[PDB]
Amino acid sequence: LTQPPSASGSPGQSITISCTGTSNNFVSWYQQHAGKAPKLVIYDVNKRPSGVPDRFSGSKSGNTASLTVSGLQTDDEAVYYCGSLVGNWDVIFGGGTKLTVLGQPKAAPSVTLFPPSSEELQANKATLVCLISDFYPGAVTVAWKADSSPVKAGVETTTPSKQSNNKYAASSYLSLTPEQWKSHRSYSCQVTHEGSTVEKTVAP
Amino acid sequence: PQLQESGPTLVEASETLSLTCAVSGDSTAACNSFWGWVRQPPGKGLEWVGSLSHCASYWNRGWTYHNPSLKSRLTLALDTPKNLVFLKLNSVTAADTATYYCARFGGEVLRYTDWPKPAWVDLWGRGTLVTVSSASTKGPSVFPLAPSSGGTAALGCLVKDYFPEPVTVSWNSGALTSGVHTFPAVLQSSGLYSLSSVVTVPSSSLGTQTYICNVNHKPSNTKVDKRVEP
Amino acid sequence: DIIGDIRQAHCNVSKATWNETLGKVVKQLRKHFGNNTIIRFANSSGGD
Ligand SMILES: *[C@@H]1O[C@H](CO)[C@@H](O[C@@H]2O[C@H](CO)[C@@H](O[C@@H]3O[C@H](CO[C@H]4O[C@H](CO[C@H]5O[C@H](CO)[C@@H](O)[C@H](O)[C@@H]5O[C@H]5O[C@H](CO)[C@@H](O)[C@H](O)[C@@H]5O)[C@@H](O)[C@H](O[C@H]5O[C@H](CO)[C@@H](O)[C@H](O)[C@@H]5O)[C@@H]4O)[C@@H](O)[C@H](O[C@H]4O[C@H](CO)[C@@H](O)[C@H](O)[C@@H]4O[C@H]4O[C@H](CO)[C@@H](O)[C@H](O)[C@@H]4O[C@H]4O[C@H](CO)[C@@H](O)[C@H](O)[C@@H]4O)[C@@H]3O)[C@H](O)[C@H]2NC(C)=O)[C@H](O)[C@H]1NC(C)=O
Ligand SMILES: *[C@@H]1O[C@H](CO)[C@@H](O[C@@H]2O[C@H](CO)[C@@H](O[C@@H]3O[C@H](CO[C@H]4O[C@H](CO[C@H]5O[C@H](CO)[C@@H](O)[C@H](O)[C@@H]5O)[C@@H](O)[C@H](O[C@H]5O[C@H](CO)[C@@H](O)[C@H](O)[C@@H]5O)[C@@H]4O)[C@@H](O)[C@H](O[C@H]4O[C@H](CO)[C@@H](O)[C@H](O)[C@@H]4O[C@H]4O[C@H](CO)[C@@H](O)[C@H](O)[C@@H]4O[C@H]4O[C@H](CO)[C@@H](O)[C@H](O)[C@@H]4O)[C@@H]3O)[C@H](O)[C@H]2NC(C)=O)[C@H](O)[C@H]1NC(C)=O
Ligand SMILES: *[C@@H]1O[C@H](CO)[C@@H](O[C@@H]2O[C@H](CO)[C@@H](O[C@@H]3O[C@H](CO)[C@@H](O)[C@H](O[C@H]4O[C@H](CO)[C@@H](O)[C@H](O)[C@@H]4O[C@H]4O[C@H](CO)[C@@H](O)[C@H](O)[C@@H]4O)[C@@H]3O)[C@H](O)[C@H]2NC(C)=O)[C@H](O)[C@H]1NC(C)=O
Ligand SMILES: *[C@@H]1O[C@H](CO)[C@@H](O[C@@H]2O[C@H](CO)[C@@H](O[C@@H]3O[C@H](CO)[C@@H](O)[C@H](O)[C@@H]3O)[C@H](O)[C@H]2NC(C)=O)[C@H](O)[C@H]1NC(C)=O
Ligand SMILES: *[C@@H]1O[C@H](CO)[C@@H](O[C@@H]2O[C@H](CO)[C@@H](O[C@@H]3O[C@H](CO)[C@@H](O)[C@H](O)[C@@H]3O)[C@H](O)[C@H]2NC(C)=O)[C@H](O)[C@H]1NC(C)=O
Ligand SMILES: *[C@@H]1O[C@H](CO)[C@@H](O[C@@H]2O[C@H](CO)[C@@H](O)[C@H](O)[C@H]2NC(C)=O)[C@H](O)[C@H]1NC(C)=O
C-alpha cells in the first residue's frame with residue numbers, strides 16, 4: 001500500500017491522509033506514537049472503535065482509501081499506518097504517514113558534512129556523515145551524489161529526533177571504500193526539506 | 001485485556017529466535033479473534049508475521065497463516081489451556097532485528113465464508129526489542145572530525161562500530177554546555193551501533209586552545225579521549 | 001449461535017459415479033419398455 005511520506009497541519013484544521021492498493025473494504029488505520037506501541041484508530045473503513053474521538057473518520061473511494069482527522073491537537077502527533085486484507089487471508093501494511101502537530105515556527109534545515117578523517121582511511125575505511133538539524137517538520141529525506149551521478153549504495157538514514165530547542169535533527173551515514181573516495185573528487189549530499197533542498201559538498 | 005511479551009532481547013545470528021506472549025483478561029480458546037505477531041524494524045514500517053487459531057472446520061484441525069517470505073524460517077504455536085502464544089524463528093539474521101509485538105487479529109473470524117478472514121489488529125502489546133548480532137560486546141572506534149562558517153564553525157567526534165548501547169560523550173569533561181549537541185545511535189547492516197556529536201565554537205579560539213571529547217562505554221569497558229586538529 | 005461457515009446444508013454426489021450407474025440402470029428399464037425409447041428423468045412432482 002502506498003502511503004504519503006509526510007503530513008502537517010495547524011491545531012483546529014482538518015487533515016486527510018490517503019492510501020491506495022485497497023480493492024476491498026477491510027482497510028484499517030493505526031496510530032503509533034514514537035517510543036510506544038501502535039493503536040488501532042479505525043476499522044472496516046468508516047467504523048470507529050471504543051474510546052476513539054468522532055473526529056477520526058475512514059473513507060474509501062474506488063481503489064483509494066482515506067483517513068480524516070479534524071480538530072488537530074498535540075496528542076495527534078504520531079505515525080499513521082494503513083492496512084487491509086488482500087486475497088484469501090494475507091494482510092499488508094503501507095509505509096505509513098507521519099503527521100506532526102508541533103508548535104511554530106517553521107525553519108530551513110542546516111547541513112554540516114564531514115569527509116573521512118586521515119586516521120580512518122588508514123583503517124581502510126571511508127565514511128561520510130551528513131548532519132541535519134533545526135528543521136520543521138520533523139521528516140526529511142536525504143540523498144547522496146558522487147560527482148554528478150547519485151549514490152545508491154552505503155546509505156544509512158535514521159528517523160529524526162527532537163532537540164532541547166524543540167527543533168528536529170537527523171544524521172545520515174554513508175560508508176564506502178577508500179578507493180572510490182580518492183577516485184571521485186567531490187561528494188555531494190542532498191537534503192530535501194518540504195520540496196526545497198539543501199546541498200553540501202566535500203573534496204580531498 | 002493485556003498482552004505481555006517475554007523472551008531473549010539479544011540473540012546471535014543464524015540461531016533460533018523464540019518469543020512467548022502472555023495474555024491476560026481473555027482466553028485463547030475464544031473463536032472471536034486470531035492470535036499472532038507483528039514485527040516493526042527500527043525506524044521502519046509495520047510487517048505482518050503470521051497468526052493461527054484452533055477453531056477449525058470439518059476438513060481441518062485448525063488454521064495457520066504464514067507470511068510468504070518468512071514462512072520457511074518461522075513456526076507458530078498456540079497453547080490453549082495455558083493461554084500462551086509462541087513464535088519460533090529458525091536461522092535468524094541481523095536483518096530480522098525488530099521490535100516484536102504480540103498481536104490480536106480481528107476481522108471475519110467469528111462468522112466467515114469458506115476460510116476465515118482476519119484483517120486488522122484490534123489489540124496490541126507493549127512489545128520488546130530483539131537485536132540479532134553475529135559478534136560480541138565491542139568497543140567503539142574513535143576518530144576525530146576536523147572542521148573548516150559564519151564566524152563560528154562546528155567540529156565533532158566520530159563514534160564508529162560498537163555494541164551494545166549506550167555511549168556518553170562529553171566535551172572537555174562537561175566544560176561546555178551552551179552550543180553542545182549529540183546525535184542518536186544508528187544500526188549498521190552488520191548489526192552494530194554508531195553515532196556522533198557536534199559543537200560550535202568561535203574561530204578565534206583555534207590555536208593553542210584545543211578541544212577534546214570524552215568517550216565512555218561501560219559494557220566494552222571503553223574510555224577514550226582524542227584531541228581534534230584541522 | 002452458529003460459529004463458522006455461513007452456509008446451507010449440502011449434499012455431494014460424484015458426477016462420474018452417478019452417471020455410470022444411470023447408464024446401466026437405464027438399459028435395464030429397456031428390457032421392459034422396449035429396446036428403443038426415450039427415457040427422461042425429472043425431480044419430484046409435488047406433495048408433502
Ligand atoms: C462438495 O464438493 C465441493 C466441490 O464441488 C467441495 O468443496 C471443496 O472443499 C474443499 C475442502 O472441503 C476445498 O479445499 C480447500 O480449499 C482451500 C481454499 O482453496 C482456495 O484457495 C487456495 C489459496 O489461494 C491463495 O493462495 C495461493 C498460493 O499463495 C494463490 O495462488 C492464490 O491465488 C490465492 O492467493 C491469494 O491469497 C493469498 C493468501 O491470502 C495472498 O497471499 C495472494 O496474494 C492472493 O491474494 C487456492 O490454492 C485454491 O485453488 C485451488 O482450487 C482451484 C479451484 O478452482 C483450482 O483452480 C486451483 O488450481 C487450485 O487447485 C482455492 O482457490 C484450501 O486452502 C485448502 O487447503 C488447505 O487445507 C489443507 C488441509 O489438509 C492443507 O493440507 C493445505 O495445505 C491448505 O492449508 C493452507 O491453507 C489453510 C486454510 O485453507 C491454512 O489453515 C493452512 O495453514 C495452510 O495455509 C498456508 O498456506 C496458505 C496458502 O495456501 C497461506 O496463505 C497461509 O499463510 C499458510 O502459509 C483445501 O484445499 C475446495 O476448494 C472446495 N472446492 C470447491 C469447488 O468448493 C465440498 O467440500 C464438498 N462437500 C463435502 C461435504 O465434502
Ligand atoms: C467448532 O467450534 C468449536 C467451538 O465452539 C471448536 O471447538 C474447539 O476446538 C479446539 C480444537 O480442538 C479446542 O481446543 C482444544 O482444547 C483441548 C482442551 O479442551 C478442554 O479445555 C478447554 C479450555 O478450558 C479452559 O478455558 C475455558 C475458557 O476460558 C475455561 O472455561 C475452563 O475452565 C478452562 O480454564 C475447554 O474449552 C474445552 O471445552 C470444550 O470441550 C468440552 C468437552 O470436553 C465441551 O463441553 C465444551 O463446550 C468445549 O467445547 C475442554 O474442556 C486441548 O487438549 C486440545 O489440544 C489438542 O487437540 C488439538 C486438536 O483438537 C491439537 O491441535 C493439539 O495439538 C492437542 O493435541 C495434542 O494434545 C492432546 C492432549 O492434549 C493429544 O491427545 C494429541 O494426540 C496431541 O498430542 C500430540 O501432539 C502434541 C503436539 O501437537 C505433542 O506435544 C504430544 O506429545 C503428542 O505427540 C485443543 O487445543 C477447543 O477447546 C474447542 N472448544 C472451544 C470452545 O473452542 C471446533 O474446533 C470447531 N470445529 C469443529 C470441526 O468442531
Ligand atoms: C465425499 O467425501 C469423501 C471423503 O472426503 C470423498 O472420498 C475421498 O475423495 C478424495 C479425493 O477424491 C480422496 O483423496 C485422495 O485419496 C488418496 C488415497 O486414496 C490420497 O493419496 C490423496 O492424497 C493426495 O492428494 C491430496 C490432495 O491433492 C494431498 O493433500 C495429499 O497429500 C496427497 O498427495 C500425496 O501423494 C502424491 C502422489 O499421489 C505425492 O506426490 C505427494 O508428495 C503426497 O504424498 C487424496 O487425498 C479420498 O481417498 C476419498 N476417500 C475415500 C474414503 O474414498 C468423496 O469423493 C466425496 N464425495 C463427493 C461427491 O464429494
Ligand atoms: C459418464 O460416463 C462416461 C462413460 O460412459 C464417462 O466417459 C469417460 O470419460 C473419461 C474422460 O473424462 C474417460 O477416461 C479417459 O480414458 C482414456 C483411456 O484410458 C484416456 O485416453 C483419456 O485420457 C481419459 O483418461 C473414460 O474412459 C470414459 N468412460 C469410458 C467407459 O470410456 C464420463 O466421464 C462420465 N461422466 C463424467 C462426469 O465424465
Ligand atoms: C423441480 O424442478 C422444477 C424446475 O425448475 C421446479 O419448478 C419450479 O417451481 C417454481 C415455483 O417454486 C417456479 O417458479 C414459478 O415461475 C413461474 C414462471 O415465471 C411463475 O408463474 C410462478 O409464479 C413461479 O414464480 C419455476 O418456474 C419452476 N421451474 C420451471 C422450469 O418452470 C421445482 O420447484 C423443483 N422441485 C423441487 C421440489 O425443488
Ligand atoms: C439473537 O438475539 C439475541 C437478543 O435477543 C442476541 O443476544 C444479544 O447479543 C448482544 C450482542 O450483540 C448482547 O449485547 C445482548 O446482551 C444479547 N442479549 C441477550 C438477551 O442475550 C443474540 O446475539 C442473537 N444471536 C446471536 C447470538 O448472534
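Could you tell me whether segment C:22-38 includes any residue that is among the basic types (K, R) and under 30 Å from B:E108 (Cα atoms)?
Within segment C:22-38, the first condition is being among the basic types (K, R), and the residues that meet it are C:24, C:27, C:30-31.
Narrowing further to those that are under 30 Å from B:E108 (Cα atoms): none.
Checked segment C:22-38: no residue is among the basic types (K, R) and under 30 Å from B:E108 (Cα atoms).
So which of A:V91, A:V111 ends up being over 19 Å from B:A146 (Cα atoms), aliphatic (A, V, I, L, M) and part of a strand (DSSP E or B)? It would help to see each step written out before you state the result.
On the way: A:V111 fails: over 19 Å from B:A146 (Cα atoms).
Of A:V91, A:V111, the one residue that is over 19 Å from B:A146 (Cα atoms), aliphatic (A, V, I, L, M) and part of a strand (DSSP E or B) is A:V91.
For every residue, the table says whether it meets (1) of a type in the set (D, E); (2) within 24 Å of A:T157 (Cβ to Cβ).
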site	(1), (2)
B:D161	yes, yes
B:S173	no, no
B:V186	no, yes
B:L195	no, yes
B:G207	no, no
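Of the conditions (1) away from ligand 1 (no atom under 11 Å from the Cβ); (2) within 12 Å of chain A (Cβ to nearest Cβ); (3) more than 14 Å from A:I92 (Cα to Cα); (4) of a type in the set (F, W, Y), B:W35 satisfies every one except a single condition; which number is it?
All conditions are met except number (2).
Would you confirm whether any residue within segment B:48-59 is within 14 Å of chain A (Cβ to nearest Cβ), within 16 Å of ligand 3 (Cβ to nearest atom) and under 23 Å from A:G87 (Cβ atoms)?
Within segment B:48-59 (the criterion being within 14 Å of chain A (Cβ to nearest Cβ), within 16 Å of ligand 3 (Cβ to nearest atom) and under 23 Å from A:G87 (Cβ atoms)), the answer is yes, since at least one residue qualifies.
Only residues in segment C:11-27 that are farther than 18 Å from C:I38 by Cβ count as the first member; pair them with residues that are more than 16 Å from ligand 2 (Cβ to nearest atom) and part of a helix (DSSP H, G or I), Cβ under 9 angstrom, at least 6 apart or cross-chain, and list the lot.
Listed pairs, sorted by first residue: none to list.
Out of curiosity, is B:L76 within 19 Å of B:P8 (Cβ to Cβ), assigned to a loop (DSSP other than H, G, I, E, B) and within 14 Å of chain A (Cβ to nearest Cβ)? Even if it seems obvious, please write down each step before you answer.
On the way: within 19 Å of B:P8 (Cβ to Cβ): yes; assigned to a loop (DSSP other than H, G, I, E, B): no; within 14 Å of chain A (Cβ to nearest Cβ): yes.
Taking the combined requirement at face value, the residue does not satisfy it.
Quickly run through segment B:149-199 and pick out the residues that are of a type in the set (V, I, T) and either part of a strand (DSSP E or B) or within 14 Å of chain A (Cβ to nearest Cβ) (or both). Before the answer, list the steps.
Step one: list which residues in segment B:149-199 are of a type in the set (V, I, T), which gives B:152, B:159, B:167-169, B:177, B:180, B:182, B:186, B:198-199.
Residues satisfying the conditions are B:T152, B:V159, B:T168, B:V169, B:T177, B:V180, B:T182, B:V186, B:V198, B:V199.
Residues in segment A:115-124: is at least one in a strand (DSSP E or B) and within 11 Å of chain B (Cβ to nearest Cβ)? Break it down stepwise before answering.
Initial filter on segment A:115-124 (in a strand (DSSP E or B)): none.
No, that holds for no residue.
In segment A:167-178, is there at least one residue being of a type outside the set (S, T, Y), in a helix (DSSP H, G or I) and not assigned by CATH to the domain that holds A:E77?
Kept after step one, since they are of a type outside the set (S, T, Y), are these residues of segment A:167-178: A:167, A:169-170, A:174, A:176, A:178.
When the remaining residues are screened for being in a helix (DSSP H, G or I), the result is A:178.
Next, from what is left, pick out any that are not assigned by CATH to the domain that holds A:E77: A:178.
Yes; the residues of segment A:167-178 include at least one that is of a type outside the set (S, T, Y), in a helix (DSSP H, G or I) and not assigned by CATH to the domain that holds A:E77.
Which of the following residues is assigned by CATH to the domain that holds A:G35 and surrounded by fewer than 19 Cβ atoms within 10 Å (Cβ to Cβ): A:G95, A:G195, A:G154?
Working: A:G195 fails: assigned by CATH to the domain that holds A:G35; A:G154 fails: assigned by CATH to the domain that holds A:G35.
Result of the check over A:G95, A:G195, A:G154: A:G95.
When A:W144 is evaluated against the numbered criteria (1) under 23 Å from B:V159 (Cα atoms); (2) in contact with a strand residue (DSSP E or B) (Cβ under 9 Å, 6 or more places away or on another chain); (3) not in a strand (DSSP E or B), which criterion, by number, is the only one it fails?
A:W144 satisfies all of (1) under 23 Å from B:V159 (Cα atoms); (2) in contact with a strand residue (DSSP E or B) (Cβ under 9 Å, 6 or more places away or on another chain); (3) not in a strand (DSSP E or B) except (3).
A quick note on method: Cβ atoms are made from the backbone with ideal geometry, for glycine too, and the neighbour counts reach across all protein chains shown. Basis: the model, the stated rules and, where named, an outside source; nothing here is a laboratory result.
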